[PDB]
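Structure file coords37.tsv (TSV, N, CA and C atoms) is printed below.
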chain	number	residue	atom	x	y	z
A	1	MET	N	4.42	12.34	5.33
A	1	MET	CA	3.27	11.72	4.69
A	1	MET	C	2.19	11.43	5.74
A	2	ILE	N	1.59	12.49	6.27
A	2	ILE	CA	0.57	12.35	7.32
A	2	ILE	C	-0.67	11.65	6.79
A	3	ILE	N	-1.07	12.00	5.58
A	3	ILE	CA	-2.23	11.39	4.96
A	3	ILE	C	-1.79	10.22	4.08
A	4	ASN	N	-2.58	9.89	3.07
A	4	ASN	CA	-2.31	8.74	2.22
A	4	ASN	C	-2.25	7.48	3.05
A	5	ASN	N	-3.15	7.39	4.02
A	5	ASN	CA	-3.23	6.21	4.87
A	5	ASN	C	-3.77	5.03	4.07
A	6	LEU	N	-3.11	4.76	2.95
A	6	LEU	CA	-3.46	3.66	2.06
A	6	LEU	C	-3.38	2.37	2.84
A	7	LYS	N	-2.39	2.28	3.71
A	7	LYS	CA	-2.23	1.12	4.56
A	7	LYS	C	-3.55	0.76	5.23
A	8	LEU	N	-4.25	1.78	5.73
A	8	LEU	CA	-5.53	1.61	6.41
A	8	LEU	C	-6.62	1.09	5.47
A	9	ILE	N	-6.57	1.51	4.22
A	9	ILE	CA	-7.61	1.16	3.25
A	9	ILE	C	-7.67	-0.36	3.06
A	10	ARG	N	-6.52	-0.98	3.00
A	10	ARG	CA	-6.42	-2.41	2.71
A	10	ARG	C	-7.35	-3.20	3.63
A	11	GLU	N	-7.34	-2.86	4.91
A	11	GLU	CA	-8.20	-3.53	5.87
A	11	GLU	C	-9.64	-3.20	5.55
A	12	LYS	N	-9.86	-1.94	5.23
A	12	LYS	CA	-11.17	-1.44	4.89
A	12	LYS	C	-11.67	-2.12	3.63
A	13	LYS	N	-10.77	-2.30	2.68
A	13	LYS	CA	-11.09	-2.95	1.42
A	13	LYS	C	-10.98	-4.46	1.55
A	14	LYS	N	-11.16	-4.94	2.78
A	14	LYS	CA	-11.18	-6.36	3.11
A	14	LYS	C	-10.19	-7.19	2.28
A	15	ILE	N	-8.99	-6.67	2.09
A	15	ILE	CA	-7.95	-7.41	1.39
A	15	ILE	C	-6.72	-7.64	2.27
A	16	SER	N	-6.36	-8.90	2.44
A	16	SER	CA	-5.31	-9.31	3.36
A	16	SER	C	-3.93	-8.88	2.86
A	17	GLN	N	-2.99	-8.71	3.79
A	17	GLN	CA	-1.62	-8.33	3.42
A	17	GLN	C	-1.03	-9.41	2.54
A	18	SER	N	-1.34	-10.64	2.89
A	18	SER	CA	-0.89	-11.79	2.15
A	18	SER	C	-1.38	-11.74	0.72
A	19	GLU	N	-2.58	-11.18	0.52
A	19	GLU	CA	-3.15	-11.07	-0.81
A	19	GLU	C	-2.29	-10.14	-1.64
A	20	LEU	N	-1.90	-9.02	-1.05
A	20	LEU	CA	-1.00	-8.10	-1.71
A	20	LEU	C	0.33	-8.78	-1.95
A	21	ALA	N	0.79	-9.51	-0.94
A	21	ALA	CA	2.03	-10.25	-1.05
A	21	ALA	C	1.89	-11.38	-2.07
A	22	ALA	N	0.72	-11.99	-2.10
A	22	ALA	CA	0.44	-13.10	-3.02
A	22	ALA	C	0.69	-12.68	-4.44
A	23	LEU	N	0.63	-11.39	-4.68
A	23	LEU	CA	0.95	-10.86	-5.99
A	23	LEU	C	2.40	-11.16	-6.31
A	24	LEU	N	3.26	-11.02	-5.29
A	24	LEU	CA	4.69	-11.22	-5.48
A	24	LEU	C	5.13	-12.59	-4.95
A	25	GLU	N	4.41	-13.10	-3.95
A	25	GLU	CA	4.79	-14.32	-3.22
A	25	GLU	C	6.29	-14.34	-2.90
A	26	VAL	N	6.73	-13.30	-2.21
A	26	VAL	CA	8.12	-13.16	-1.77
A	26	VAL	C	8.17	-12.70	-0.32
A	27	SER	N	9.39	-12.58	0.20
A	27	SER	CA	9.61	-12.13	1.57
A	27	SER	C	8.77	-10.90	1.89
A	28	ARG	N	8.25	-10.28	0.83
A	28	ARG	CA	7.36	-9.14	0.96
A	28	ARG	C	6.36	-9.40	2.07
A	29	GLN	N	5.93	-10.65	2.18
A	29	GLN	CA	4.93	-11.02	3.18
A	29	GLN	C	5.40	-10.56	4.55
A	30	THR	N	6.66	-10.80	4.85
A	30	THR	CA	7.24	-10.38	6.11
A	30	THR	C	7.55	-8.87	6.14
A	31	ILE	N	8.27	-8.39	5.12
A	31	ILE	CA	8.69	-6.99	5.10
A	31	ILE	C	7.53	-6.03	4.87
A	32	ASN	N	6.43	-6.54	4.34
A	32	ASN	CA	5.24	-5.71	4.17
A	32	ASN	C	4.85	-5.13	5.52
A	33	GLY	N	5.21	-5.83	6.57
A	33	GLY	CA	4.94	-5.37	7.91
A	33	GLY	C	5.66	-4.06	8.19
A	34	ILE	N	6.94	-4.00	7.83
A	34	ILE	CA	7.72	-2.82	8.12
A	34	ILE	C	7.53	-1.72	7.09
A	35	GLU	N	7.20	-2.08	5.85
A	35	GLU	CA	7.10	-1.08	4.79
A	35	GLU	C	6.03	-0.06	5.10
A	36	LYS	N	4.86	-0.52	5.50
A	36	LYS	CA	3.79	0.38	5.88
A	36	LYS	C	4.04	0.99	7.24
A	37	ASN	N	4.71	0.25	8.11
A	37	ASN	CA	4.97	0.76	9.45
A	37	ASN	C	6.06	1.81	9.42
A	38	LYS	N	7.19	1.46	8.83
A	38	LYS	CA	8.31	2.37	8.76
A	38	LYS	C	8.06	3.48	7.77
A	39	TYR	N	7.56	3.10	6.61
A	39	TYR	CA	7.35	4.04	5.51
A	39	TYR	C	5.87	4.13	5.18
A	40	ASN	N	5.59	4.86	4.12
A	40	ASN	CA	4.30	4.81	3.46
A	40	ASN	C	4.30	3.54	2.63
A	41	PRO	N	3.18	2.99	2.26
A	41	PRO	CA	3.24	1.76	1.42
A	41	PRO	C	4.06	2.03	0.17
A	42	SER	N	4.95	1.11	-0.14
A	42	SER	CA	5.95	1.33	-1.16
A	42	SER	C	5.32	1.49	-2.54
A	43	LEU	N	5.77	2.51	-3.25
A	43	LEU	CA	5.24	2.83	-4.57
A	43	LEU	C	5.47	1.71	-5.55
A	44	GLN	N	6.66	1.12	-5.50
A	44	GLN	CA	6.97	0.01	-6.40
A	44	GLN	C	5.94	-1.08	-6.19
A	45	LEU	N	5.69	-1.39	-4.93
A	45	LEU	CA	4.64	-2.32	-4.57
A	45	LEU	C	3.27	-1.76	-4.96
A	46	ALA	N	3.07	-0.48	-4.66
A	46	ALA	CA	1.76	0.17	-4.78
A	46	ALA	C	1.10	-0.04	-6.13
A	47	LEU	N	1.79	0.29	-7.20
A	47	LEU	CA	1.19	0.18	-8.52
A	47	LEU	C	0.84	-1.26	-8.86
A	48	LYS	N	1.71	-2.19	-8.51
A	48	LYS	CA	1.42	-3.58	-8.78
A	48	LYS	C	0.19	-4.04	-8.01
A	49	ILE	N	0.07	-3.60	-6.75
A	49	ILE	CA	-1.06	-3.98	-5.91
A	49	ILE	C	-2.28	-3.08	-6.18
A	50	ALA	N	-2.03	-1.89	-6.71
A	50	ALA	CA	-3.09	-0.90	-6.92
A	50	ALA	C	-4.27	-1.53	-7.64
A	51	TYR	N	-3.99	-2.26	-8.71
A	51	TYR	CA	-5.04	-2.95	-9.44
A	51	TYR	C	-5.74	-3.98	-8.57
A	52	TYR	N	-4.97	-4.72	-7.79
A	52	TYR	CA	-5.55	-5.67	-6.85
A	52	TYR	C	-6.40	-4.91	-5.85
A	53	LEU	N	-5.85	-3.80	-5.38
A	53	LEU	CA	-6.56	-2.90	-4.49
A	53	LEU	C	-7.79	-2.32	-5.14
A	54	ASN	N	-7.76	-2.15	-6.45
A	54	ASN	CA	-8.88	-1.53	-7.15
A	54	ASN	C	-9.12	-0.15	-6.58
A	55	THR	N	-8.04	0.49	-6.20
A	55	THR	CA	-8.09	1.77	-5.55
A	55	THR	C	-6.99	2.67	-6.12
A	56	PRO	N	-7.36	3.73	-6.79
A	56	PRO	CA	-6.34	4.62	-7.42
A	56	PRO	C	-5.36	5.14	-6.38
A	57	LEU	N	-4.08	5.04	-6.68
A	57	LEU	CA	-3.07	5.59	-5.80
A	57	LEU	C	-3.19	7.09	-5.78
A	58	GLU	N	-3.41	7.65	-6.95
A	58	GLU	CA	-3.38	9.09	-7.16
A	58	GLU	C	-4.32	9.82	-6.22
A	59	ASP	N	-5.48	9.24	-5.96
A	59	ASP	CA	-6.45	9.88	-5.09
A	59	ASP	C	-5.86	10.09	-3.71
A	60	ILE	N	-5.30	9.03	-3.16
A	60	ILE	CA	-4.69	9.07	-1.84
A	60	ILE	C	-3.22	9.54	-1.89
A	61	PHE	N	-2.47	9.04	-2.87
A	61	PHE	CA	-1.07	9.43	-3.03
A	61	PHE	C	-0.95	10.84	-3.56
A	62	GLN	N	-1.59	11.77	-2.88
A	62	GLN	CA	-1.44	13.17	-3.21
A	62	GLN	C	0.00	13.56	-2.92
A	63	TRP	N	0.36	14.79	-3.22
A	63	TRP	CA	1.68	15.27	-2.83
A	63	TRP	C	1.77	15.26	-1.31
A	64	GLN	N	0.70	15.73	-0.68
A	64	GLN	CA	0.59	15.84	0.77
A	64	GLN	C	1.77	16.60	1.36
A	65	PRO	N	1.76	17.90	1.24
A	65	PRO	CA	2.84	18.76	1.81
A	65	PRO	C	2.94	18.59	3.31
A	66	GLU	N	4.14	18.68	3.83
A	66	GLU	CA	4.41	18.45	5.24
A	66	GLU	C	3.83	19.57	6.10
Translate this file's structure into structure tokens.
Amino acid sequence: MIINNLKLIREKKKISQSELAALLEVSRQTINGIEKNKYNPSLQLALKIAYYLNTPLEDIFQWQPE
């Protein structure tokens, strides 16, 4: 997943990690650190935050072949 740098958008879209976490208000706040770092931003998280993000996943969440 070279592209789909959705993680980067959040900063660009001036929305804090905590804000995304605030949606869940769970340990997510901490693990959100590794989810984007280790993985691509988690899809389960993604759709729930997508609306908060106001940013379509589909545009960035392309297939993105390796």
Determine which residues of chain A DSSP labels as helix (DSSP H, G or I) from the backbone of this structure, then write them out as JSON, numbers by chain.
{"A": [6, 7, 8, 9, 10, 11, 12, 17, 18, 19, 20, 21, 22, 23, 24, 28, 29, 30, 31, 32, 33, 34, 35, 36, 37, 38, 43, 44, 45, 46, 47, 48, 49, 50, 51, 52, 53, 57, 58, 59, 60]}
Where does range 15-34 of chain A meet range 38-47 of chain A within 8 Å, residue by residue, with the nearest atom pair and distance in Å to one decimal for each, counting all atoms listed in the file, listed by chain and rising number, as JSON lines?
{"residue": "A:32", "atom": "C", "partner": "A:38", "partner_atom": "N", "distance": 7.7}
{"residue": "A:33", "atom": "C", "partner": "A:38", "partner_atom": "N", "distance": 5.8}
{"residue": "A:34", "atom": "C", "partner": "A:38", "partner_atom": "N", "distance": 3.6}
Figure out the distance between CA of residue 18 in chain A and CA of residue 54 in chain A, please, to one decimal in Å.
16.0 Å
Coordinates-based distance that separates atom C of residue 66 in chain A from atom C of residue 35 in chain A (Å, one decimal):
19.8 Å
Excluding residue 62 in chain A and any residue of its chain fewer than 4 positions from it, enumerate the residues within 7 Å of it, using only N, CA and C atoms, and give them as an mmCIF file with N, CA and C atoms, in the frame of the given file.
data_model
loop_
_atom_site.group_PDB
_atom_site.id
_atom_site.type_symbol
_atom_site.label_atom_id
_atom_site.label_comp_id
_atom_site.auth_asym_id
_atom_site.auth_seq_id
_atom_site.Cartn_x
_atom_site.Cartn_y
_atom_site.Cartn_z
ATOM 1 N N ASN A 4 -2.580 9.890 3.070
ATOM 2 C CA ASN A 4 -2.310 8.740 2.220
ATOM 3 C C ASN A 4 -2.250 7.480 3.050
ATOM 4 N N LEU A 57 -4.080 5.040 -6.680
ATOM 5 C CA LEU A 57 -3.070 5.590 -5.800
ATOM 6 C C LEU A 57 -3.190 7.090 -5.780
ATOM 7 N N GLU A 58 -3.410 7.650 -6.950
ATOM 8 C CA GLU A 58 -3.380 9.090 -7.160
ATOM 9 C C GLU A 58 -4.320 9.820 -6.220
#
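Separating CA of residue 15 in chain A from CA of residue 50 in chain A is a distance of 11.6 Å.
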Identify the residues around (-0.3, -12.0, -2.9) within a radius of 12 Å, measuring from only C-alpha atoms in the coordinates stated by the file, and give them as a ChimeraX atom specification.
/A:15-30,32,45,48-49,52-53
